[PDB]
Every structure is written in C-alpha cells, then in structure tokens.
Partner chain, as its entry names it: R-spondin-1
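Given next, in structure tokens, is a single chain: the form deposited without the partner chain.
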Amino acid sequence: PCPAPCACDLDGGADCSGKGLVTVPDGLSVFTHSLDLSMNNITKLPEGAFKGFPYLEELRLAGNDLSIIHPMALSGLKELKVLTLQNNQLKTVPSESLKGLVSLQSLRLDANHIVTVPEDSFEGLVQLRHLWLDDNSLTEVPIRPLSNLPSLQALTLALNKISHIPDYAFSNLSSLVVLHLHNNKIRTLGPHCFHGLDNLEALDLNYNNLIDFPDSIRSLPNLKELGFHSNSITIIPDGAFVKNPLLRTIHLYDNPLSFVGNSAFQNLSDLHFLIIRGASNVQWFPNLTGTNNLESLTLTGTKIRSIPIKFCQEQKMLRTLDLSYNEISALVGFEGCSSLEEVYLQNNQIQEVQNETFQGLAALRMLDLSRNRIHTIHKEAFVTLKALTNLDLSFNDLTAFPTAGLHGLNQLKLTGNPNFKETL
C-alpha cells in the first residue's frame, strides 16, 4: 500500500515529505486520506497526477521547487478540503487548476513569488474558509477573484506590494472575520474600502504607509481587534471609534501622532487593551469614560504631567499600566485599581512618592520607578505591597534606601542613586 520513499500512517495519511522527488510517487493507496509532498524537488506537475486519489482530503505540496502547474494536475479531488502550496516558485495564482476543488476550505498560496492573480481565480470555491495570499509580489487586491468567495472567514494579503485599497474591494465577503493587510505599502484607503464586511472582528493595517486616520473602519460594526501601528498617521480624531462600539483591542503605536482627541477613547466599554507609544508631539491625557473595563493600558512617549483620581475608582479591571517615558512630574494614589500587577513609571520627571500612593495593592509583582528625579520616598509606602518580586528604584536622586518589606523580593534595584551614607 505504501511505496518505498513514503510512510503511511493509521488514518490513511502518507508522508512523501522531504524525499527529493521530482514526481508524484506511484503505488500509493487509493484510500489515502492525506498526502504530504512537502520539501521535495518537484519542479512541475503533469495532467491529473492526483486523479487516482478520490478520497484525498488534504494535499501538502509546501516547500517544493514548483514553478507551474498544469490546469488538470488536480481533477480527481472533489473531496479535497485543504491545499497547501506555500514556499514554492509560483509567479501566478494557479487559477485553472483550482477549478473544481469544490470542497476546499483552506488554500495556502502564501510565501510564493506570485505577481499576478487571473480574474477568474477561486471561481468555484464556495466552501473556502481560509485564504492565504501573503508573502508575495501582489501589486493590488484582486477584487474579482475575491468576489467568488462568499464563505471566506479569514484572508491574508499581508507582506505584499499593495499601495491602495479601492472602494468595495472586499464587498462580497460577508462571512469574513479576519482581514490581514500588514506590511504592505498601502498609502490610500477608499472611504468605502471596507463596505460589506459586517462580520469582521479583526483588522490588521500595521507596518503600512497610512497618513489620514482610516475612518473606513466605520463600516465595521463587529470590530473587536484593530491594529494600525507603524504607520504615518498624525491625528486621532474624537469620533474615531464612535461607530465601532465593540472594540476590545487597539494598537496605535509607532505613529507620529501629533494629535489625539481627548475623547477619542471615550465610550468603549469592551476595550480591554489600549497601546499608545512614541507619540512625540501629543501633549495630553485621554478622557476615558465610558471606558472603565480597561485591562492593559500603555501610554508612552508624550508630555503628560499626571493622572486623575477617578482613574482607580472607575478602572477596577486594570492589571498592567505602562506610563513610562513621559514628562510626568507627579503621582496620585493608586490604591483604587486593585487588579494592578504591573506598573511602569520609568524615564519620567517625577520628584517624590508618599505612603498610601501604592496602598492596598495586593497583586502587584512589578514596579518600575527607575530613571526618575525622585529625591526621597516615604518609609511606609511599600509596606503594603505583596506579590512584589521586582522593585526598580535605580537611577534616581535619592540619598537613602527605604524598607520594608523589601525583604524577600527577588529583585530590588537601588543602583545609581547618590547615597552619601553608604559611600563612607
């Protein structure tokens, strides 16, 4: 049942993987469930080389030298649910060969040289779920080929050369939950580029060339997760997220944000993770109601001097807080947000700290106060903080080191303080 080079398993899978083979091995069982041809030298495929396998559900050609594929090279697989073509030499989408894989739920064309997509690509695949186009030479989003995929739940166009996303490019994919555009060249988004996708919960625009805020996302009522980081965006309007009330996670960092509406982050009750970094010119804080449910907050690279009392009355969910690398000169009491396990205050201008500031925080393992100006610390401040394995006081102006308990902590960094008494 199993020809020499391959190996055949319990469930009817046959691994010809990594055999240095130029052609489909002959002698394989016709009851083969799965076939793995990955990592071989197969340069080309002949007519119907898979026709003798009627039951074959999964076909892995990943990582071969395959350049072109005869239109009929797969005919006999109407039961095929998954086809992995990744890491091969394809300069184009094998449109004709994909005619009549009518059962196909997974198509990986990612990591090829693909420049062009023939207009009729993916015409019959009505069952397709996952389409991987990424890591290719794609110059534009293939509107026609994607109009044939009403079942698609997930798509990656990432790591291509795309510069612009036309209006209604995704218009026919209503089942789509996940759209990945990251690491393209995109400079321009049509106002209607995202129209039609009312099920999309996840959008990746990261590592692109964007400049305006992408208000196209107003077409996305189901949006949960949004990345726009590493772009050129200069402005986050108030009204930015108004039409996306379900957002849990926003990644905005690595943009030259010169401006952020104070209220841009208002009224997001599902928002658990908010990351803002390296916004150089942005001078100030968020309004942040009705967002009380925030889990992790990162705000760094700015001018803010301080934080409101309401902050820890209203956020009872907050676990990690990264305020580092700001201009902050002062600190409110943190007792309120009881869920705090991590607080990073380092590289600010803060001068002093009191007792109750860190009072009643049970779960806090990590506190980084390092690289500040702090000239003194009250003796009873850290008495209350357990779980604490890491306290970084290093690189301040302080002349005397507090306790306790600093006893039993795994790390206490006191380095770089001008401690006059110890020098003696």
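Residue numbers count along the first chain shown, from 1.
Visitor: On average, which has the higher Cα B-factor in the deposited entry, 22-30 or 386-394?
Guide: Taking the mean C-alpha B-factor of 22-30 and of 386-394, the larger value falls to 22-30.
Visitor: Between 13-21 and 411-419, which has the larger average Cα B-factor in the PDB entry?
Guide: Between 13-21 and 411-419, it is 13-21.
Visitor: Between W284, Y344, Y325, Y253, which carries the biggest CA temperature factor in the record?
Guide: Max CA B-factor in the entry, restricted to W284, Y344, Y325, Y253: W284.
Visitor: Per the entry's Cα B factor values, which of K316, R218, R248, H229 stands out as the maximum?
Guide: If I rank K316, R218, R248, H229 by C-alpha B-factor, first place goes to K316.
Visitor: Consider only the C-alpha atoms of the modelled residues in this chain, order them by B-factor as the entry records it, and name the third containing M366: lowest, middle or highest.
Guide: Its C-alpha B-factor, which the entry lists for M366, ranks in the middle third among residues of this chain.
Visitor: Taking the chain's C-alpha temperature factors as the reference, tell me which third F265 falls into: lowest, middle or highest.
Guide: Answer is middle: the recorded C-alpha B-factor places it there.
Visitor: Compare the C-alpha B factor of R305 with those of the other modelled residues in its chain, then answer lowest, middle or highest third.
Guide: Within its chain, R305 is a highest-third residue by C-alpha B-factor, going by the deposited values.
Visitor: Using the B-factor values recorded in the entry, state whether the Cα atom of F213 falls in the lowest, middle or highest third among the modelled residues of its chain.
Guide: Ranked within chain, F213 CA B lands in the lowest tercile.
Visitor: Split the chain's modelled residues into thirds by Cα B-factor; is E352 in the lowest, middle or highest one?
Guide: It belongs to the highest third of the chain when residues are ordered by C-alpha B-factor.
Same protein, other form: the form deposited with the partner chain bound, not shown, and the subject of what follows.
Visitor: Contact between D322 and the partner chain in the deposited complex at 4.5 Å, heavy atoms?
Guide: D322 lies outside the contact set for the partner chain.
Visitor: Can you tell me whether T298 touches the partner chain? I mean in the deposited complex, with a 4.5 angstroms heavy atom cut-off.
Guide: No, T298 sits far enough from the partner chain in the deposited complex that none of its heavy atoms falls within 4.5 Å.
Visitor: Should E140 be classed as touching the partner chain in the deposited complex when contacts are defined as heavy atoms within 4.5 Å?
Guide: Heavy-atom contact with the partner chain at 4.5 Å: absent for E140.
Visitor: Report whether the minimum heavy atom distance between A111 and the partner chain in the deposited complex is within 4.5 Å.
Guide: Output for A111 is yes: heavy atoms within 4.5 Å of the partner chain.
Visitor: Could you tell me which one of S121, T156, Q315, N244 places a heavy atom within 4.5 Å of the partner chain in the deposited complex?
Guide: Here the answer is residue option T156.
Visitor: Among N347, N255, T291, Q86, which has any heavy atom within 4.5 Å of the partner chain in the deposited complex?
Guide: Contact with the partner chain in the deposited complex is made by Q86 alone.
Visitor: Out of 128-136, 261-269, 301-309, 68-76, where are the residues with a heavy atom within 4.5 Å of the partner chain in the deposited complex?
Guide: Careful reading of the contacts points to 128-136.
Visitor: Do any residues of 331-357 have a non-hydrogen atom within 4.5 angstroms of the partner chain in the deposited complex? If so, which ones, in sequence order?
Guide: Stretch hits: zero.
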